Amino acid sequence: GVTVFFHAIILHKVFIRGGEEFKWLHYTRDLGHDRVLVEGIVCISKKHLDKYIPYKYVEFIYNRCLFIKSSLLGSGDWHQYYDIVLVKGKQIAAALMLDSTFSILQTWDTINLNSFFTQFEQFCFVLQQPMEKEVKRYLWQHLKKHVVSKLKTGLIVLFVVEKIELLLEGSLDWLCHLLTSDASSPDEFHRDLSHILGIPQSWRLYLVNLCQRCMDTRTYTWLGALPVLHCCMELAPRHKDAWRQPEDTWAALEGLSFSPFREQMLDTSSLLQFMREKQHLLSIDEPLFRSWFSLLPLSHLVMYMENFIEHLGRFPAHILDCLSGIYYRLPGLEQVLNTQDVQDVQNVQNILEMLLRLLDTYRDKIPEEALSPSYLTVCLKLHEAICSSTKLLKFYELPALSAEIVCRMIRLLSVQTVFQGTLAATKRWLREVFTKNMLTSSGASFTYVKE
């Protein structure tokens, strides 16, 4: 037989009766609050599964209907809830459902986890189609109260809110802090995440819908949660032309539109402060750095390479990523160089000087397993842009720095073609810059003082 556990809300004796599929109970705990929760167990045949089995309580209806659906039955027991014998009862029963379904998470293990998942799926199937802002608000209340081993509960809360379509109304902070792993080690992170992510479920989609929020609502705590998403993403390895990968893949932000948030986030100082607080994350998840490099505007990229110079010293294979990131910003760079604003051009010069610092300082430290010649090409791209947008002569330092980057990359190691392209771009820049002769008609003075 397959068993069903009916619950109900309201001396007298209650009885369970209906169709003869089983013609014509016990006290659980009298909550108080002017109500009692009365339950009952009954085991029906094993062939009556997924069949309508209307029932009754002797009940006042403002016939009930059961569906023991074979798609949600686990060990073989079903749990029917929310039976009342309205909105007030709905809220009370939501509270009790939350408490009951979380009373199984005591011994975090695959067994109790799957039991919780099965009970939740069953009851929510019964709930969403029984045949509501207040309900969502009160459920958020009880959830926050019951919850405030942190990563598992964060993922569980995320799964729940996505199942109950409970948007995080103004407090993404708390859930993103829960999903933020204080673990300073990668193995510990994977250990905390595995027992809960190994379950077949839509973790990636939930995390992506959580990350899109906190970006469309203009916040930053979600960054600390990016690592988890990455474990759920199962990203692919880099190839011979990693530069050809889109910015969303290379940055490990698939399914997220970050360019709008990147360009519309008006306070990047707090972003960098949050980052520096959670710098340990960079060690447990490699791509995180990249992701961050992708979520920062071109005006606050040097600070990101400076504050986290130590990490790059521990992880020099990230230096190259910087270049890649800058490549994915080429338009903006050009948008800045095609103009003559000294501040932004100077920021770009600073960026390139920082990249040269990284190369030289950490020239004797990069791991040959991450030093692909693709970056050479990437560098060349950069050069071309710096030589195509930089029209004035008082900005030779940027073509010079680009050529120096190419030189250091070649020294780190096709090559001839990249050198040809670099020389060609330099000659083109000199041509489009030196349009008049070097010396005056008399020859006494030069035309361009800086030639």
# chains A, B, ... in the order shown; residues from 1 in each chain; ligands from 1

call {"tool": "residues_around", "arguments": {"residues": "residue A:1", "least_positions_apart": "4", "cutoff": "12 Å", "atoms": "only C-alpha atoms", "output": "number ranges by chain"}}
result
A: 21-22, 42-49, 75-78

call {"tool": "residues_around", "arguments": {"residues": "residue A:34", "least_positions_apart": "3", "cutoff": "12 Å", "atoms": "only C-alpha atoms", "output": "VMD selection string"}}
result
chain A and resid 9 to 10 30 to 31 37 88 to 89 92

call {"tool": "write_last_selection", "arguments": {"atoms": "N, CA and C atoms", "output": "compact mmCIF listing (two decimals), in the first residue's frame"}}
result
# COMPACT_ATOMS: atom_id res chain seq x y z
N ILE A 9 -6.68 22.06 9.66
CA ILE A 9 -6.72 23.11 10.67
C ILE A 9 -8.18 23.39 11.01
N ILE A 10 -8.41 23.85 12.24
CA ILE A 10 -9.75 24.17 12.70
C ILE A 10 -9.82 25.63 13.13
N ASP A 30 -2.08 21.09 19.69
CA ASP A 30 -3.00 22.21 19.68
C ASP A 30 -2.20 23.50 19.74
N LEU A 31 -1.83 24.02 18.58
CA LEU A 31 -1.01 25.22 18.48
C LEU A 31 -1.46 26.33 19.42
N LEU A 37 -3.98 21.86 14.93
CA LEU A 37 -3.58 21.12 13.75
C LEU A 37 -3.86 19.64 13.99
N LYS A 88 -6.04 34.04 6.44
CA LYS A 88 -5.40 33.82 7.73
C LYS A 88 -4.95 32.38 7.86
N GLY A 89 -5.83 31.44 7.54
CA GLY A 89 -5.44 30.04 7.53
C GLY A 89 -4.32 29.77 6.56
N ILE A 92 -1.11 30.93 8.30
CA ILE A 92 -0.75 30.03 9.39
C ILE A 92 -0.19 28.73 8.83

call {"tool": "residues_around", "arguments": {"residues": "residue A:196", "least_positions_apart": "5", "cutoff": "8 Å", "atoms": "only C-alpha atoms", "output": "PDB file with C-alpha atoms, in the first residue's frame"}}
result
ATOM      1  CA  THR A 110      21.409  13.156   0.981  1.00  0.00           C
ATOM      2  CA  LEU A 113      17.725  16.454   1.807  1.00  0.00           C
ATOM      3  CA  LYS A 152      23.516  24.621   2.227  1.00  0.00           C
ATOM      4  CA  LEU A 155      20.945  27.158  -1.540  1.00  0.00           C
TER       5      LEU A 155
END

call {"tool": "select_by_dssp", "arguments": {"residues": "stretch 82-307 of chain A", "states": "alpha helix (DSSP H)", "output": "JSON, numbers by chain"}}
result
{"A": [87, 88, 89, 90, 91, 92, 93, 94, 95, 96, 97, 98, 99, 100, 101, 102, 110, 111, 112, 113, 114, 115, 116, 117, 118, 119, 120, 121, 122, 123, 124, 125, 126, 127, 128, 133, 134, 135, 136, 137, 138, 139, 140, 141, 142, 143, 144, 145, 146, 147, 150, 151, 152, 153, 154, 155, 156, 157, 158, 159, 160, 161, 162, 163, 172, 173, 174, 175, 176, 177, 178, 186, 187, 188, 189, 190, 191, 192, 193, 194, 195, 196, 197, 203, 204, 205, 206, 207, 208, 209, 210, 211, 212, 226, 227, 228, 229, 230, 231, 232, 233, 247, 248, 249, 250, 259, 260, 261, 262, 263, 264, 269, 270, 271, 272, 273, 274, 275, 276, 277, 281, 282, 283, 284, 287, 288, 289, 290, 291, 292, 293, 294, 295, 302, 303, 304, 305, 306, 307]}

call {"tool": "residues_around", "arguments": {"residues": "residue A:163", "least_positions_apart": "5", "cutoff": "10 Å", "atoms": "only C-alpha atoms", "output": "list in words"}}
result
residues 120, 121, 124, 125, 128, 157, 158 and 206 of chain A

call {"tool": "closest_residue", "arguments": {"among": "A:96, A:407, A:272, A:424", "to": "residue A:307", "atoms": "only C-alpha atoms"}}
result
A:272

call {"tool": "closest_residue", "arguments": {"among": "A:51, A:17, A:334, A:351", "to": "residue A:63", "atoms": "only C-alpha atoms"}}
result
A:17

call {"tool": "residues_around", "arguments": {"residues": "residue A:54", "least_positions_apart": "3", "cutoff": "7 Å", "atoms": "only C-alpha atoms", "output": "count of residues only"}}
result
6

call {"tool": "select_by_dssp", "arguments": {"residues": "stretch 64-199 of chain A", "states": "strand (DSSP E or B)", "output": "list in words"}}
result
residues 67, 77, 78, 79, 80 and 84 of chain A

call {"tool": "residues_around", "arguments": {"residues": "residue A:60", "least_positions_apart": "5", "cutoff": "12 Å", "atoms": "only C-alpha atoms", "output": "ChimeraX atom specification"}}
result
/A:10,83-85

call {"tool": "write_last_selection", "arguments": {"atoms": "C-alpha atoms", "output": "mmCIF file, in the first residue's frame"}}
result
data_model
loop_
_atom_site.group_PDB
_atom_site.id
_atom_site.type_symbol
_atom_site.label_atom_id
_atom_site.label_comp_id
_atom_site.auth_asym_id
_atom_site.auth_seq_id
_atom_site.Cartn_x
_atom_site.Cartn_y
_atom_site.Cartn_z
ATOM 1 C CA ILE A 10 -9.750 24.165 12.703
ATOM 2 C CA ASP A 83 -6.834 21.474 4.331
ATOM 3 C CA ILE A 84 -8.998 23.833 6.398
ATOM 4 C CA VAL A 85 -12.202 22.811 8.159
#

call {"tool": "residues_around", "arguments": {"residues": "stretch 227-240 of chain A", "least_positions_apart": "6", "cutoff": "10 Å", "atoms": "only C-alpha atoms", "output": "number ranges by chain"}}
result
A: 151, 155, 179-181, 189-190, 193-194, 197-198, 202-208, 210-211, 249-250, 252-254, 281-282, 284-288, 291, 370, 372-375

call {"tool": "closest_atom_pairs", "arguments": {"of": "stretch 330-391 of chain A", "to": "stretch 431-440 of chain A", "cutoff": "12 Å", "atoms": "only C-alpha atoms", "output": "CSV"}}
result
residue,atom,partner,partner_atom,distance
A:387,CA,A:432,CA,9.8
A:388,CA,A:432,CA,9.5
A:389,CA,A:432,CA,11.0
A:390,CA,A:433,CA,9.3
A:391,CA,A:433,CA,6.5

call {"tool": "atom_distance", "arguments": {"atom1": "atom CA of residue A:59", "atom2": "atom CA of residue A:3"}}
result
22.2 Å

call {"tool": "closest_residue", "arguments": {"among": "A:6, A:243, A:116, A:293", "to": "residue A:38", "atoms": "only C-alpha atoms"}}
result
A:6

call {"tool": "decode", "arguments": {"residues": "stretch 166-189 of chain A", "atoms": "N, CA, C and O atoms", "output": "compact mmCIF listing (two decimals), in the first residue's frame"}}
result
# COMPACT_ATOMS: atom_id res chain seq x y z
N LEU A 166 9.14 33.60 -4.72
CA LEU A 166 9.25 34.64 -3.71
C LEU A 166 10.46 35.50 -4.04
O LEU A 166 11.59 35.18 -3.66
N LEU A 167 10.22 36.60 -4.75
CA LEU A 167 11.30 37.54 -5.02
C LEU A 167 11.83 38.11 -3.72
O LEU A 167 11.10 38.24 -2.73
N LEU A 168 13.12 38.44 -3.71
CA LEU A 168 13.75 38.99 -2.51
C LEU A 168 13.45 40.48 -2.48
O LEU A 168 14.18 41.31 -3.04
N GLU A 169 12.36 40.83 -1.80
CA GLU A 169 11.83 42.19 -1.81
C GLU A 169 12.70 43.08 -0.92
O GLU A 169 12.42 43.32 0.26
N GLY A 170 13.80 43.56 -1.50
CA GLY A 170 14.63 44.56 -0.87
C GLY A 170 15.72 44.04 0.02
O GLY A 170 16.55 44.84 0.48
N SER A 171 15.76 42.74 0.29
CA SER A 171 16.78 42.16 1.16
C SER A 171 17.60 41.07 0.48
O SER A 171 17.89 40.05 1.11
N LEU A 172 17.97 41.26 -0.78
CA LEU A 172 18.96 40.39 -1.40
C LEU A 172 20.21 40.27 -0.53
O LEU A 172 20.92 39.25 -0.59
N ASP A 173 20.49 41.30 0.27
CA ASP A 173 21.69 41.30 1.10
C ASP A 173 21.84 40.00 1.88
O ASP A 173 22.90 39.37 1.85
N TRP A 174 20.78 39.58 2.57
CA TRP A 174 20.91 38.49 3.52
C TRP A 174 21.16 37.17 2.81
O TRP A 174 22.02 36.38 3.21
N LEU A 175 20.40 36.91 1.75
CA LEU A 175 20.58 35.67 1.02
C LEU A 175 21.94 35.62 0.33
O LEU A 175 22.58 34.56 0.29
N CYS A 176 22.40 36.75 -0.20
CA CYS A 176 23.71 36.76 -0.84
C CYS A 176 24.82 36.60 0.18
O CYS A 176 25.90 36.09 -0.13
N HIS A 177 24.58 37.04 1.42
CA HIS A 177 25.54 36.81 2.49
C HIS A 177 25.55 35.34 2.89
O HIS A 177 26.60 34.78 3.23
N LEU A 178 24.37 34.70 2.87
CA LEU A 178 24.31 33.28 3.15
C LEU A 178 25.07 32.48 2.10
O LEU A 178 25.89 31.62 2.44
N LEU A 179 24.81 32.75 0.83
CA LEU A 179 25.52 32.06 -0.24
C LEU A 179 26.97 32.50 -0.37
O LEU A 179 27.70 31.94 -1.19
N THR A 180 27.39 33.49 0.40
CA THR A 180 28.78 33.92 0.40
C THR A 180 29.59 33.02 1.32
O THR A 180 29.36 33.00 2.53
N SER A 181 30.53 32.28 0.75
CA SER A 181 31.30 31.31 1.51
C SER A 181 32.45 32.00 2.21
O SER A 181 33.35 32.55 1.56
N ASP A 182 32.44 31.96 3.54
CA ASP A 182 33.57 32.44 4.32
C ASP A 182 34.77 31.52 4.22
O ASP A 182 35.82 31.84 4.79
N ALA A 183 34.65 30.40 3.51
CA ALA A 183 35.76 29.47 3.39
C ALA A 183 36.92 30.12 2.66
O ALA A 183 36.77 30.62 1.55
N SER A 184 38.08 30.09 3.30
CA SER A 184 39.31 30.59 2.69
C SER A 184 40.03 29.52 1.88
O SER A 184 41.13 29.78 1.38
N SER A 185 39.44 28.34 1.73
CA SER A 185 40.04 27.25 0.98
C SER A 185 39.08 26.76 -0.09
O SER A 185 37.85 26.84 0.08
N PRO A 186 39.60 26.25 -1.21
CA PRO A 186 38.69 25.75 -2.25
C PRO A 186 38.06 24.42 -1.91
O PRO A 186 36.86 24.22 -2.16
N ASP A 187 38.84 23.50 -1.34
CA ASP A 187 38.31 22.19 -1.01
C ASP A 187 37.17 22.30 -0.01
O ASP A 187 36.17 21.58 -0.12
N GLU A 188 37.30 23.19 0.97
CA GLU A 188 36.22 23.39 1.93
C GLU A 188 34.96 23.90 1.24
O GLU A 188 33.85 23.46 1.55
N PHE A 189 35.13 24.83 0.31
CA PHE A 189 33.99 25.34 -0.45
C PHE A 189 33.28 24.22 -1.19
O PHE A 189 32.06 24.05 -1.09
